[PDB]
Structures are given as structure tokens and as C-alpha cells.
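Next comes just one chain, in C-alpha cells: the form solved without the ligand.
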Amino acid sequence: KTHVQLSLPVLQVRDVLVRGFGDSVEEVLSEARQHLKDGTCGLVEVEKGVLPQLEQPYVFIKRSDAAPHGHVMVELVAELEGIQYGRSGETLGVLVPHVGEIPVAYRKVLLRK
């Protein structure tokens, strides 16, 4: 399928144990896609002071359409030193590895894969 329905656990930034996916734009997008597929991907909602607590490159999920079965359509955009790789709508949050942190909520997304 071109799109996959996911429910992403929303994590508080101070709980996150692994604060990024890797060390290059290409690696973080690769790793983020693999974790999204394996159900091992969390979402941190972006506010003042969140991003400086996480590791670059960042992976964002961004609204790609204006929501089948409650799932917002999203795509991946990476960022490193203020340059973004991809073009999409508003940020739903930043993706991180999920290694058993207790979530505060779930974000239903439809991921363009």
C-alpha cells in the first residue's frame, strides 16, 4: 500500500531515551520509515524549548492533505542546520525511537510510504 494507518504514541520530550534516529538526513529518514513500519516510532509535539532537547537531524511529520477514518495524512520532512529536505504542510511533531516510554496520547496518521 502507498499509505499505512498508524497510531503514534505521543511522548513528553523529557521522557525520551533516544533523542534522534541518526547522523545524516538520509539515515534519519531511513530509520524513521523503518520504525514507523515496525511500530517502534514515537511523536514529540513541538513547542518552545522542545527541539533543542532533541538530536539533529530532525524528522518531522507534516500534514499532507486537508483525514480517512480519523487518520491525518502526513509525510516526512528532515531538517539539519535549518535546511529542510522535503516540502509539506503544518508540523504534527518530531519523530523519535520509541523504546517503552509511557505515552500521554496517540496521534492517528495516514503515512505516505
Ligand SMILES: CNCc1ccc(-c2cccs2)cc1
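One-based numbering along the sequence shown.
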item	value
Residues of the deposited sequence that sit between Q84 and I83 yet are not modelled	none
Average Cα temperature factor in the PDB entry - higher stretch of 13-21, 86-94	86-94
Selected stretch [higher average CA B-factor]: 68-76 or 31-39	68-76
Third of chain Cα B-factors occupied by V46	highest
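Omitted from view is the form deposited with the ligand bound, to which the following refers.
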{"query": "Interface membership of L36, the ligand in the deposited complex, 4.5 Å heavy atom rule", "finding": "yes"}
{"query": "In the deposited complex: members of 78-113 within 4.5 Å of the ligand, any heavy atom", "finding": "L111, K113"}
